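Visitor: can you look at this? It's an experimental structure, sequence on top.
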Amino acid sequence: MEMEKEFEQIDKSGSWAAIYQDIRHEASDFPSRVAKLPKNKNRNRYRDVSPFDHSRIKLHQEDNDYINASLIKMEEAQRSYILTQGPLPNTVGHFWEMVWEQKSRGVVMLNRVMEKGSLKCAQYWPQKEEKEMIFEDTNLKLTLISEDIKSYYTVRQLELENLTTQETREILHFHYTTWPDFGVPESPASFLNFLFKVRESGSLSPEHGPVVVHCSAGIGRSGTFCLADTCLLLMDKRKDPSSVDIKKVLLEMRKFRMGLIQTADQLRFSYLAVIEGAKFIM
Ligand SMILES: O=C(O)c1ccc(-c2ccco2)s1
């Protein structure tokens, strides 16, 4: 396998940091003017992570249409993803408005609410069936329907009601709960198993709106998830699977959201996953 070769060459030469910096150097730079307006300062978790204006998701309201979320459209793979930050106390209602307006079936969460002893995102979904959440600012109701807790992830069935029209939809919550506080997982086996469960649900399929994916910033773990999915999909589509260039897919994705893959260890882990997941379809 070519990727596993380029892989062994970088490992033996210990040049992961050098590859990663070349990607950082070649990555696209587009304006983020709406993100930086003073009215939007409390809608942004991190000062240095912003959606580009050309690819930002717009909320359907006249007041303020701004959320820290981007549409990543992969033309050849025929996949779309919305990458977004972990919701803030004042953006939980915007988050669910976006899920509603964009017709998403699935939410993918790659972080714990608390990590390293700090809050990484708001408790944005209900933890008990009989204690539903109402978002008065966006006129939505969210109810926990069921919860399936496994060793590496939890799947939840949620009901989202538009209180304005009384339509309801089922949203699936896929929560990967075992990403370590520091570094990346030692094996990609549990991450690939999780990706295959999201795919099996129909959440990634063209009959729905784009899947919503987040971690804390929505660029690191979130980038790893959509890079691995797209590379595996291209490998099954192209006549020469060996032609799939992970660095080139990543730069394409970086035209839509800045900073995807935050460390050289995340880049190496992405290779391992696409290598392992491929070596499993073969
Ligand atoms: O370089 C090589 O030999 C390959 C890389 C990926 C492959 C594949 C085939 C089906 C799914 O992935 S073959």
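Guide: Cool, got the structure. Numbering: from 1, shown residues only.
Visitor: only C-alpha atoms for contact and neighbour calcs from this point on.
Guide: Noted.
Visitor: who's the closest spatial neighbour of the residue in the stretch 151-282 of the chain positioned nearest to the ligand, skipping the chain neighbours?
Guide: Nearest residue of the stretch 151-282 of the chain to the ligand: residue 242, at 3.7 Å (Cα to the nearest ligand atom). Leaving aside its sequence neighbours, residue 242 sits nearest to residue 2 (Cα to Cα, 6 or more residues apart in numbering; 6.1 Å).
Visitor: tell me the spacing between the one you found and the ligand.
Guide: 4 Å (Cα to the nearest ligand atom, to the nearest Å).
Visitor: what residues does this protein put near the ligand?
Guide: By Cα under 6 Å from any ligand atom, the residues of the chain that approach the ligand are 1-2, 235-236, 241-242, 278, 281-282.
Visitor: for PyMOL, what selects the buried ones among those?
Guide: Per 16 or more other Cα atoms under 10 Å, the buried members of the residues of the chain next to the ligand correspond to this PyMOL selection:
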select buried, resi 235+241+278
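Visitor: residues contacting the residue of the stretch 1-150 of the chain found nearest the ligand?
Guide: In the stretch 1-150 of the chain, the residue that lies nearest the ligand is residue 1 (3.5 Å; Cα to the nearest ligand atom). Residues counted as contacts of residue 1 (Cα atoms under 8 Å, 6 or more residues apart in numbering) are residue 242.
Visitor: residue 3 now?
Guide: Counting by Cα under 8 Å, 6+ apart, residue 3 has contacts 242, 245, 271, 275.
Visitor: ok, the spatially most central residue of the chain - contacts?
Guide: In the chain, the C-alpha nearest the mean C-alpha coordinate belongs to residue 213, at 2.7 Å (Cα atoms, centre = their mean). By Cα under 8 Å, 6+ apart, residue 213 lies in contact with 81-84, 107-109, 222.
Visitor: I'd say residue 231 and residue 246 touch.
Guide: Yes - contact between residue 231 and residue 246 holds when scored by Cα atoms under 8 Å: they sit 6.7 Å apart.
Visitor: neighbour count winner among those two?
Guide: More neighbours surround residue 231 than the other of residue 231 and residue 246, with 25 against 18 (other Cα atoms under 10 Å).
Visitor: the more buried one should be in a strand, yeah?
Guide: No - counting by DSSP: H, G, I helix; E, B strand; the rest coil, residue 231 falls outside a strand, being helix.
Visitor: got the contact list for it?
Guide: By Cα under 8 Å, 6+ apart, the residues touching residue 231 are 244, 246, 249, 274.
Visitor: ok, residue 56 next?
Guide: So, once contact is read as Cα under 8 Å, 6+ apart, residue 56 ends up touching 67-71.
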